[PDB]
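Undergrad: Below you'll find the sequence and an experimental structure to go with it.
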Amino acid sequence: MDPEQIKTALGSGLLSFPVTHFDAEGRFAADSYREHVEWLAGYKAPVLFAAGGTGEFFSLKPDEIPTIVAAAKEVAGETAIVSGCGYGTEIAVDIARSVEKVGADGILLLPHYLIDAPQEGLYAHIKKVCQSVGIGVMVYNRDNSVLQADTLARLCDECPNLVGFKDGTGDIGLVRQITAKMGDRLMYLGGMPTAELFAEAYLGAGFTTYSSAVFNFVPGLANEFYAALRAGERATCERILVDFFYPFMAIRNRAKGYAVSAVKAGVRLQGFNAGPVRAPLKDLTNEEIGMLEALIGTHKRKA
Amino acid sequence: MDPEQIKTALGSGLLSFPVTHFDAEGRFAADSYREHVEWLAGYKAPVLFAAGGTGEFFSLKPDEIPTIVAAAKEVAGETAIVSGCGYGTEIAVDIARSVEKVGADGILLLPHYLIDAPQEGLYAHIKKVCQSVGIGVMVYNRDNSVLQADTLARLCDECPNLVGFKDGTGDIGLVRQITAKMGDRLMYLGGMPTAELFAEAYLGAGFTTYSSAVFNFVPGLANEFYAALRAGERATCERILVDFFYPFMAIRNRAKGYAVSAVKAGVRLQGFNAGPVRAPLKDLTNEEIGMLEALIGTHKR
Amino acid sequence: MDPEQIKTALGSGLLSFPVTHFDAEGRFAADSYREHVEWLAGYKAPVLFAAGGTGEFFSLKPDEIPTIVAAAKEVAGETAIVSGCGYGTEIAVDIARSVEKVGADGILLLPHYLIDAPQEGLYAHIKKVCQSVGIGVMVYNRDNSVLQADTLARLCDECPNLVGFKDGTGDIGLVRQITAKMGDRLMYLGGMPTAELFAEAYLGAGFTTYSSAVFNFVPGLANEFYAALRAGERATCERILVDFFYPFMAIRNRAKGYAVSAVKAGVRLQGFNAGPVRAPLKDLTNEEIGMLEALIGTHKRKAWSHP
Amino acid sequence: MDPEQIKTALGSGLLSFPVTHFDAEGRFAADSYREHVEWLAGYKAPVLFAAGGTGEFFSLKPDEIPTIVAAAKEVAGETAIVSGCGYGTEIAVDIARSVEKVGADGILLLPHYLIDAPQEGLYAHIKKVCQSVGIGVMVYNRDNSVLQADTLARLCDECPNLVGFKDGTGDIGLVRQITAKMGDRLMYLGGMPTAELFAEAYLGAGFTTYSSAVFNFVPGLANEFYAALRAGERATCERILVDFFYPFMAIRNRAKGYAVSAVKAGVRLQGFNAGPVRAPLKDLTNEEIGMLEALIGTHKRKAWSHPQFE
C-alpha cells in the first residue's frame, strides 16, 4: 500500500509487535512464528510490526529481516505489515529496500547505532532513509535518536512518506509540543515499554494508539484495555492496571531487557514455541516464569 | 482550617504560587508582596502557596517564612494559604510549627536537603513532619525525594492530615500508579515547571489542577488556559501553548533557574516591586526582559 | 588559625570526618562524641571535620552545629577543626559566623539547597559566604553545586581565605583541569564516598589526601592504606582494597544513604555509643550489621589494647 | 599474530585509531587512507585500530570493514592491526570472522546495538564473539555495555583470547576494581574521548596506555605527551593540557559527535583529505575548522596556498 494508506491504518486501532520465534539453536522458526501470528490475527490489530523491538530487531542479521516479514505476510491477512529498520544509514537503507522488495507496507526506523548525534545529523540520516523507499516511514524517538519538534517538521516538509511518530522517551513535555506543531500531518504512536501504563496520559498529549507488547500473549486483555481507553471508561482501565499491568511491571523490572524477555515468556506459556531470546537478552528464571504463569491466570489460552 | 477543608480547596481550581518580594537591602518586602497578592486575589485562585519554589523557598531563612505567610494571610481574603516547608526533619518540623502558629492552612513539604534517601527513611521523615502539626500536608515528589506508591499509601494510612500530592518528576508511569492506588484519598497537583506544558497529559494521569507559575504575572491568561483545559477545549489550549507557553519556554530555557527568574521578571514588568532573585539564582538580562515584555504584549497591566 | 595555617594543615595528612552522636531522645550526645573524638585523636589526623556529610550535616538544626564544633574542639588536641556549612546564602552565612565564633579553624561549604544554578549564581553565593568570615573556606564540588575551573579561578582571585577544594563528583576530566588551572593556590581533597576506592587515581589528578569515612571505626587500617598510598606501595593498597574496601562497598551499596549509615554502624560496633542515624537515613538491618561485624574482623577494637 | 602477541603489542606504547577516509561520493577512499596511515607510521605506534570509533565504525557497512583493514595492513609496516567489531552477536561474529580472514591481528568489540542488557546476557554475547575467532579480543566498556568485575573475570576464565580491556565510562571506582581483580591477565586501555585528559589519573587506576584520537593529526604532540606521562614529567603533561587539550576540548564540545568530527577536520588541515563524516555525524563549519587550524599553529605539517587573484 501507499504511505497514506498505512497512515490511515495506524489510526484505526491497536498496534501489534510480535516476538520473533527462534528454535533452540537460536535460528528463526518460521512455522512457529506463523502459528502465533495466525492466532493473533483473530484479534484484529490493524497493523503488525514485524521485527520491531519486541521482535528483537536489535539481534537480527539484516538478511533475516525480509524472511521474517515474508513469514508474517503469509498469515496476517488484510493487515498492514510494517518492518523494523535501524542502524547507521548504509545498513538502514539496505534493510529498508530489502523489506520493501518483499512487500512490507512501511518501516519503523529504530535509532542509528551507538553514537550521540547532532540534530542536523539526525535530519540527514533519516532523510536519506526515507528517500530510499516509496513505502511509509514511522520515526522512533528513543535513546540516542531524539528529534526536536523543529527538526521533525523539516523532515515532514521534505519527506511525504514520513507518516508516523513513535515515542519511547516518555518526555510528555516534548511530545505535546510535537503534536501541537505537526497536528494531523503525523500519526502519533505510544512506544514506552508496557505502553498501557502511559496510555491515559498520552491521550492528552495527542496519542490515541500505542504498541501493546502484552497483546502477544493476552490479546483479549489488551483489546479490552484499549476499548475502555477510547471509550473513556476509566474504572475499567484502572482495574486492568491494578490487577494485571502493575503486577506485570513488577516482574518486568526484575532484570534489564525483560520488557522483551517477559513478553516472550508469556507467549511460551500460552503454548507457542517462541523459543529463547538471543543474547544479550536473557530468559526469565523458572521462578519468574512461575510468577508470570500465575499472573496470566484466568487468561490462559489452554491448560 | 482543618485538613479536610484545605483538601476541598485544592480541588476547587487553579493553584497560585506567588514570588517572594525583596527590597534594595535584600529583606522581604512585605508591603510590595501584599500589593501583588491583593491583585492576584482578583483572579480568584482558591489556594495560595506562600514561600513555595516559585517563592524561592530554597533561599529563605527559616524565620522569614512565617513573616511571608503572615503577609499573605493579611490580604488573601477567602483564599486558603499553604506555606512552603522543607529541609531535614528537625528544621522542617520547626518551620511547620512556626507557620501553623501564624495561621497557615496547610504546608507543602519540599524535599529534604542534599542526600539520596531510602523509602523507609522518606517515610520516617515525612511522618514526623505530618505528626508535628494539625493542619493539612501536601507531599512533593521531586529531585531527591520521590515516594513510591506503596510508601505513600503507608503514609496516608498513618497520617490523616496528609491530603495532597504534588508531582515535579514528570514521571507519568509513576504518578498514574499513585493515583490508581490512592484514588480520592489525595488531591493530585501538577508541579512541573511551567505546568501548563503538561496539564493536558496530566488529566489522563488523574490530575485536574497544577501550580501555574505564570499566574504571577498573566493571571488572566492562566485562567483562560485552565478553563479551556477543564472544558475540553483543545484548540484553545493549543493556541495558548503555541502563542505563549512554548515561546515562554524558549526564554526560560536560556539559563538554569529561569523557571523562577523569568516569572519574577514578569511580575516586575507588570509594575510590582518584586526585586531581584537571591543568589544562586540570577536575574534575566535586559535583552531577555525585553523578550518577555514583548511576549506578554496585550496582557500588560 | 588563619587561612594559610588551615591550608597547610590540609596538606599534612589524612582527613577525619567524625559521625555525629545522638542520644535516646535524639539529641546531640556530647559525652559520647567527645569520647569517640578523643580515641580518634590517637590516630593523628591533622584535620577534623565536625558536622560534615559523614557527620550528618544535612540533618542538623543550625543551632546544633556550633555545639558540635565546640565539643570536638574541646578534646581534639592540636588538631585543626573545620565545620560543615551549607544551604542557601542567608542560612550559610549565619552558620559560618556562628562556628567562627566558637573557634572553628575553617568551614567546608556543602551545596546550596535543592536547585540547579547558573555558574554566575554559584559564584555570587560562594563569594558572599567566603566574605562573611575571616577563617579558611573549602568549597565542595558535588550534586547541584559544581564549579567549572574558570569560575573557581575567579573566586580564588577575589577570596584569599578560599584555600581548599573537595571533589565529590568523580569527574576526572574536570578535576584535572581544575588542578592544572589553580596549582598550589588550593589544597585538593578527595571526597567521594569511600574515597580510598579513588585515591590512587586521584594522585594523578593532583590530589594527595581525602576524607576517610571509615577512619571513624578502623583508623588503623585507614592509616595503613594512606601510608602505603603516599609511599607508592601498590601491592599493599591493592590488598586492602580487595580484602576490605570492595567488600565494604558491597554492604554500602545495599541501600541509599549507607555511605553514612554503614560508617555509623561500624562506630557502634567498635564500642562507641553513636546512636541511630536521623531520618531520612535509615540504619543497617541486624543482618547487615552482622556482615559489617565480620568484615571488621581482626580490626575489632579489643578491651586489652593499649591506647 | 596470536593473542599473546597482540597482548604484548598493546603494552608497548601509544594506541592509534585512524579516521576512515571517504571520497566525495561517500565511498571508502583507500588511496587517501593509506597515505595518511603511512605518514602516521613514522611515529611508531605499536597498534593501529582500523575502523574503530574514531574511524566511524558505527557508520560503516559490514562489508567495508575488511576492505579498510586490508588497506591499513598494506602500509602499516611491522605494526599490529586491530579491527573494530560490534552490534548484536550475529552481526558481530560475521564481522569478526571476516576481518580474521583478511589478516587482522585482533578485534576491538564495541557495544551491542540499542538495548540495555543484563550481565548474564553480556557474558553470553561476548563469549560467543570471542569463541568465533582465534585472534585476540579487547572488550570495550562504554554506553550500553558495561561489564562488572566479576562478569569480566568469568569471561577471562573461559576465553583465553580475550586479552584487553578498554574503558569509555570514566568510572574510576569501577576500573580500579577491575585492574585489582584481573591484574596482568588483561592489558588496560584508556578509551575516553580525548584520553589525554584522563591519562594521569588513569595511571593510578592501572592504565598505562590509551587511544590518542588527536594522534591522527598532531602525532608529534601526542607522542610527546605520552613520553612525558610515562616519565612522570608532570609539568610537561600539564603544559600540553593547558596549551593544547583544553582549547581542543572547547572546540570539541561545540556540538555532539565532534570528538570524531574535529579529529577528521584536523587530519584534513594537515593535508590528508579524509573527506566528510557520514551522517548522523556533522562536519565542523568552516569557521570552526579555522579555530582548529589556529590551534594546531606551530604543529602544522604544511602550508596551504589559498586562492587569491588581482
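TA: Now that the structure is in, tell me what you want to look at. Numbers count the residues shown, from 1 in each chain, chains lettered A, B, ... in the order given.

Undergrad: list the buried ones in the helix or strand that residue A:222 is a member of?
TA: Secondary structure assignment for residue A:222, by DSSP states H and E: helix A:219-231. Buried residues in helix A:219-231, counted by 16 or more other C-beta atoms under 10 Å in any protein chain shown: A:219, A:221-223, A:225-226, A:228-229. (Each C-beta comes from the backbone N, C-alpha and C, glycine too.)

Undergrad: is it anywhere near chain B?
TA: No - Helix A:219-231 does not reach chain B (C-beta under 8 Å from any C-beta of the partner chain); its nearest approach is 9.2 Å.

Undergrad: buried ones in stretch A:42-55?
TA: A:45-55.

Undergrad: contacting residues for residue A:153?
TA: Residue A:153 makes contact with A:181-182, according to C-beta atoms under 8 Å, 6 or more residues apart in numbering or on different chains.

Undergrad: so where does it fall, helix or strand?
TA: Per DSSP H and E: helix A:149-158 holds residue A:153.

Undergrad: Looking at the stretch 201-303 of chain A, which residue is nearest chain B?
TA: residue A:204 (3.7 Å; C-beta to the nearest C-beta).

Undergrad: Where does that residue sit: helix, strand or coil?
TA: helix (DSSP: H, G, I helix; E, B strand; the rest coil).

Undergrad: Quick check: nearest residue in space to it, chain neighbours excluded?
TA: residue B:200 (3.7 Å; C-beta to C-beta, 6 or more residues apart in numbering or on different chains).

Undergrad: I figured residue A:136 was touching residue A:7, is that so?
TA: Yes - between residue A:136 and residue A:7 a contact is recorded at 6.3 Å, counting by C-beta atoms under 8 Å.

Undergrad: Between those two, which contacts overlap?
TA: A:163-164.

Undergrad: ok, the two, which is more surrounded?
TA: For residue A:136 versus residue A:7, the count of surrounding residues by other C-beta atoms under 10 Å in any protein chain shown is larger for residue A:136: 28 against 22.

Undergrad: Identify the residues contacting residue A:75.
TA: So residue A:75 contacts A:34, A:37-38, A:41 (C-beta under 8 Å, 6+ apart).

Undergrad: Closest one of those residues to chain C?
TA: For the contacts of residue A:75, the nearest to chain C is residue A:37 (44.0 Å; C-beta to the nearest C-beta).

Undergrad: Run through the neighbouring helices and strands of the helix holding residue A:222.
TA: helix A:199-205, helix A:234-240 (3 or more C-beta pairs under 8 Å, 6 or more residues apart in numbering or on different chains; DSSP states H and E).

Undergrad: Contacts for the helix or strand that the last one is followed by next, please.
TA: Beyond helix A:234-240 in the direction of the C-terminus, DSSP H and E gives the next helix or strand as helix A:246-252. Outside of helix A:246-252, the residues that reach it under the criterion C-beta under 8 Å, 6+ apart are A:193-194, A:197, A:214, A:258-259, A:262, A:284, A:288, A:291-292, A:295, B:177, B:180.

Undergrad: What is the most widely separated pair among those?
TA: A:284 and B:180 (25.5 Å; C-beta to C-beta).

Undergrad: residues touching residue A:22, list them.
TA: Taking C-beta under 8 Å, 6+ apart as the definition, contacts of residue A:22 comprise A:28-29, A:274-278.

Undergrad: er, residue A:276 I mean
TA: A:22, A:24, A:26, A:283.

Undergrad: what do you get for residue A:169?
TA: A:141-142, A:146, A:175.

Undergrad: Looking at these, which are in helices?
TA: residue A:175 (DSSP state H).

Undergrad: Turn the contacts of residue A:169 into TSV, columns for neighbour count.
TA: Shown next, in TSV, are the contacts of residue A:169 (neighbours: other C-beta atoms under 10 Å in any protein chain shown):
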residue	neighbour count
A:141	21
A:142	18
A:146	19
A:175	22
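
Undergrad: Chain B: which of the contacts of residue A:169 is nearest?
TA: Closest to chain B, out of all of these and judged by C-beta to the nearest C-beta, is residue A:175, at 8.3 Å.

Undergrad: The closest one against residue A:167, yeah?
TA: Yes - assessed by C-beta under 8 Å, residue A:175 is found in contact with residue A:167 at 5.1 Å.

Undergrad: Return every residue with contacts to both of these two.
TA: A:141, A:188, A:202, A:207.

Undergrad: residue ranges for the strands of chain A, please.
TA: Assigned by DSSP state E, the strands in chain A fall at A:15-16, A:47-50, A:80-85, A:106-109, A:136-141, A:162-167, A:187-190, A:209-210.

Undergrad: Show me what residue of the stretch 1-150 of chain A gets nearest to chain C.
TA: Closest point on the stretch 1-150 of chain A to chain C, by C-beta to the nearest C-beta, is residue A:116, at 16.6 Å.

Undergrad: Now do the contacts for that residue.
TA: A:144, D:256-257.

Undergrad: For the stretch 151-300 of chain A, which residue gets nearest to chain C?
TA: Going by C-beta to the nearest C-beta, chain C is nearest to residue A:173 of the stretch 151-300 of chain A, at 16.7 Å.

Undergrad: can you pull the contacts of that residue?
TA: So residue A:173 contacts B:170, B:192, B:197-198 (C-beta under 8 Å, 6+ apart).

Undergrad: what's the answer for residue A:130, then?
TA: A:137, A:155, A:159, A:161-162.

Undergrad: who wins for neighbours among these?
TA: residue A:137 (27 neighbours).

Undergrad: wait, doesn't that one sit right on residue A:104?
TA: No - contact between residue A:137 and residue A:104 fails when scored by C-beta under 8 Å: they sit 10.9 Å apart.

Undergrad: Would you mind checking the contacts of residue A:276 for buried ones?
TA: Counted by 16+ other C-beta under 10 Å, the contacts of residue A:276 give A:22, A:26, A:283 as buried.

Undergrad: Buried residues, stretch A:178-191. List them.
TA: Buried residues in stretch A:178-191 (16+ other C-beta under 10 Å): A:178-182, A:186-191.

Undergrad: Could you check how far it is from the centre of its chain?
TA: 17 Å (C-alpha atoms, centre = their mean, to the nearest Å).

Undergrad: residues in contact with it?
TA: Contacts of stretch A:178-191 (C-beta under 8 Å, 6+ apart): A:7, A:10-11, A:15, A:138, A:140-142, A:149-150, A:152-153, A:156, A:162-168, A:175, A:198-199, A:202, A:205-211, B:238, B:241-242, B:246.

Undergrad: Rebuild the helices and strands packed on helix A:219-231 as CSV, extending it with mean neighbour count.
TA: Formatted as CSV, the helices and strands packed on helix A:219-231 follow (neighbours: other C-beta under 10 Å):
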stretch, mean neighbour count
helix A:199-205, 25
helix A:234-240, 16
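
Undergrad: tally of neighbours for residue A:152?
TA: Counted with other C-beta under 10 Å, residue A:152 comes out at 24.

Undergrad: Would you agree residue A:83 is in contact with residue A:69?
TA: Yes - with contact defined as C-beta under 8 Å, residue A:83 counts as touching residue A:69 (4.9 Å).
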